[PDB]
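Residue numbers (the authors' numbering): 56 to 200.
Written out below as structure tokens is the structure these notes cover.
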């Protein structure tokens, strides 16, 4: 009856001037996404995404706004321990020069991605859906397993 619960830690990090709402601008909080895969035996699988919304770092803006591959290198790759399976998603403004005109997202040749925020009333639900879409295109969809 093994109750497997696969969780993919994704650090969704928002740049300044990328996701303000009408009354509140930003908050460093956490959301979860569960996508329990149906199985026909006692064992069961739950795919979990732990989105880690937070404000962009002081040096992250410096690294950003240069050109997608350039900034991706400029993040220093942040060498860390047991980073496999984790994702990092940088959220940018609509009129950012990184992705040319209308590409709402971007997937690097690594555990990193860059997505575009759309700056309106919700700004967190549509962004959350884009994050889960890019994450499942980047790690742990239903067809990988």
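Backbone N, C-alpha and C fix where the C-beta goes; we use that ideal spot for every residue, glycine too.
- For residue 57, same chain residues with a beta-carbon under 6 Å away, outside a window of 5 residues either side, are 98 in chain order.
- Minimum Cα-Cα distance from residue 181 among the listed residues 75, 64, 62 and 60 corresponds to 75.
- Exclusion of the five residues before and after residue 185 leaves 170 as the residues of its chain whose Cβ lies within less than 6 Å of its Cβ.
- Burial is judged here by how many other beta carbons sit within 10 angstroms of a residue's own beta carbon; residue 70 has at least 16 and is buried.
- Secondary structure of residue 146 (DSSP, three-state): strand.
- If you keep only unbroken alpha helix (DSSP H) runs of at least 4 residues inside the stretch 135-200, you get 180-193.
- Inter-residue distance for residue 81 and residue 136 is about 29 Å (C-alpha atoms, whole angstroms).
- Judged by DSSP in its simplified three-state form, residue 117 adopts helix.
- With respect to the 9 Å criterion, residue 174 and residue 152 are not classified as neighbours on the basis of their beta carbons.
- Distances from the CA of residue 143 to each of 158, 196, 120 and 187 were compared; the closest alpha carbon is that of 187.
- Assigned with DSSP and collapsed to three states, residue 68 falls in strand.
- With respect to the C-alpha of residue 166, the residue from 129, 118 and 194 having the closest C-alpha is 194.
- A distance below 6 Å between beta-carbons, with the five flanking residues on each side excluded, links residue 85 to the following residues of its chain, in chain order: 107.
- Within 10 angstroms of the beta-carbon of residue 87 lie fewer than 16 other beta-carbons, which makes it exposed.
- Residue 115 and residue 101 have their C-alpha atoms roughly 33 Å apart.
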